[PDB]
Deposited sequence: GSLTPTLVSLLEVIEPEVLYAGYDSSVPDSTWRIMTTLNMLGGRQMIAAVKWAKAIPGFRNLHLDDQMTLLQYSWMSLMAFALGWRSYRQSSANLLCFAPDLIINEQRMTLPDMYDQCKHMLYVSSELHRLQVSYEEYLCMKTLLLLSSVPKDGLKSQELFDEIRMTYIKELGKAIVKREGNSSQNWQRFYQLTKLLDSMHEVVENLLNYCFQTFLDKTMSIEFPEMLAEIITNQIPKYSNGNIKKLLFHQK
């Protein structure tokens, strides 16, 4: 009698679902999944970049982890804004050179309007490449946990170095430009909340079943509770 066949029946894996809904547009599913994949590679590049920021590597490893998790959407939307500005044709979202969403060709109306905002603001202020690099470094240090960092004295000393660096990049009474540029940085918090909210909706939506790389899925998984508990301290340059 076949004793092993019964033991094979016990260990047989259950049937898995694909997470496929025909009603979800293929163009929508493709664009969003393709962008989540690109976001994963850009996120790995960003970790490598942050480690090459003078002073970043001095912070506690848990603080380095925290900052990259709290700011990833901010660096992504701000670099997307820059690339879209450097394309010279307004109303374009230059995600990648091979994937340029020409705004013309309304589920992502609220989303697209917040992504275009960064591009339109950079074009309005005529932001140079030296100002952009200081600003992008400052978005990495723009949000902290409500309780605070394990290397807070060092973090504050590092953040002050890049605010000072942004001032040098502008420098007669140019402190109005410093006001205008730090105002754009402050408005990034609102952009990120609208994009992070849509990101969490597609991360958890099983009818749509949009795919994400393991790098982003781990950041999103870790941040969803902190976002809901309001455990984030947005550092501002100007009072709301």
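Gaps between the deposited sequence and the modelled structure occur at positions 1-3, 109-111, 178-183.
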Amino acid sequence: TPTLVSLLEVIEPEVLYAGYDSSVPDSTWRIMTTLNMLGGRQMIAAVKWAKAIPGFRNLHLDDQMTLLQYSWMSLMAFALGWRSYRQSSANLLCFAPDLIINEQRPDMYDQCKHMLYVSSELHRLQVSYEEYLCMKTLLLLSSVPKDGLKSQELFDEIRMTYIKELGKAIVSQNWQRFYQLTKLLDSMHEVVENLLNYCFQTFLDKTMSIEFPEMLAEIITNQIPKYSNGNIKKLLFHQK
From here on, numbers count along this sequence of modelled residues.
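Higher mean CA temperature factor between 135-143 and 112-120: 112-120, per the PDB entry.
For the pair 173-181 and 24-32, the mean B factor over Cα atoms is greater in 173-181. The entry lists C-alpha B-factors for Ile101, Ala96, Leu166, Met76, and the highest of these is at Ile101.
Going by the entry's values, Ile232 shows the largest Cα B-factor out of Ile224, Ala217, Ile232, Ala18.
In the deposited entry, the Cα temperature factor of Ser71 places it in the lowest third of its chain's modelled residues.
Among the modelled residues of its chain, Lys51 has a C-alpha B-factor that falls in the middle third according to the deposited record. In the PDB entry, a CA B factor belonging to the highest third of its chain's modelled residues is recorded for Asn58.
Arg83 sits in the lowest third of its chain by CA B factor, as recorded in the PDB entry.
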